[PDB]
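So the protein sequences, as listed, match chains A and C.
Its first residue numbered 372, the first sequence is counted upward by one per residue in the entry's author numbering.
Its first residue numbered 335, the second sequence is counted upward by one per residue in the entry's author numbering.
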Amino acid sequence: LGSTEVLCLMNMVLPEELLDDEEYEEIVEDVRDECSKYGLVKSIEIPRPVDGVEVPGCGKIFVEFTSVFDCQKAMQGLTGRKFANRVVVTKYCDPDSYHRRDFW
Amino acid sequence: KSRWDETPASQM
């Protein structure tokens, strides 16, 4: 898919790391601050485990930019780098699916 | 105290 204005970042988080509100907030800001180097970030979605179940999209990080070009630059600037020693893998998301907030 | 490495993508 793509290019589009929504970026999906994979291989960065363990569900365990998303249970504590303090640690969850730290990860979101970490993502925002780095993605903001490339564009204005309109939204960030990081699905969290609920009732001890990995909900659709848990494990993934979604970031929406104001333009396709800004999303493209962020994909180039972030893909293949390390986040908590893990190689970052990326794909474009369908803004429609993101507009529905349907993750998988 | 970011979890991001400093290394540019072009250098990976």
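Think of the CB as a built atom: it goes at the ideal place given N, C-alpha and C, for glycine as much as any other residue.
Short CB-CB distance (under 8 Å) between residue i and chain C
| i | result |
| --- | --- |
| residue 476 of chain A | No statement about residue 476 of chain A is possible, as the shown extent of chain A runs from 372 to 475 and does not include it. |
| residue 410 of chain A | no |
| residue 431 of chain A | no |
| residue 390 of chain A | no |
| residue 404 of chain A | yes |
| residue 462 of chain A | no |
| residue 373 of chain A | no |
| residue 419 of chain A | no |
| residue 441 of chain A | no |
| residue 449 of chain A | yes |
| residue 454 of chain A | yes |
| residue 473 of chain A | no |
| residue 401 of chain A | yes |
Short Cβ contact (8 Å threshold) for residue i with residue j
| i | j | result |
| --- | --- | --- |
| residue 375 of chain A | residue 465 of chain A | yes |
| residue 403 of chain A | residue 412 of chain A | yes |
| residue 461 of chain A | residue 449 of chain A | yes |
| residue 433 of chain A | residue 469 of chain A | yes |
| residue 348 of chain A | residue 346 of chain C | Lying outside 372 to 475, the shown extent of chain A, residue 348 of chain A is not represented and no answer is given. |
Close-in-space but distant-in-sequence residues of the same chain around residue i (CB under 7 Å, 5 per side omitted)
| i | result |
| --- | --- |
| residue 343 of chain C | none |
| residue 414 of chain A | 435 |
| residue 446 of chain A | 378, 461 |
| residue 457 of chain A | 382, 383 |
| residue 454 of chain A | 383 |
| residue 443 of chain A | 374 |
Exercise. Assess, as a yes-or-no matter, whether the stretch 335–344 of chain C is touched by the stretch 388–395 of chain A under the definition of 3 or more beta carbon pairs within less than 8 Å.
Key: Taking a contact to require three or more Cβ pairs closer than 8 Å, the stretch 388–395 of chain A and the stretch 335–344 of chain C do not qualify as touching.
Self-check item: Contiguous beta strand (DSSP E) assignments of at least 3 residues, all confined to the stretch 387–468 of chain A
Solution: For secondary structure counted as the beta strand (DSSP E) over 3 or more consecutive residues, the stretch 387–468 of chain A holds these complete runs in sequence order: 412–416, 432–436, 460–464.
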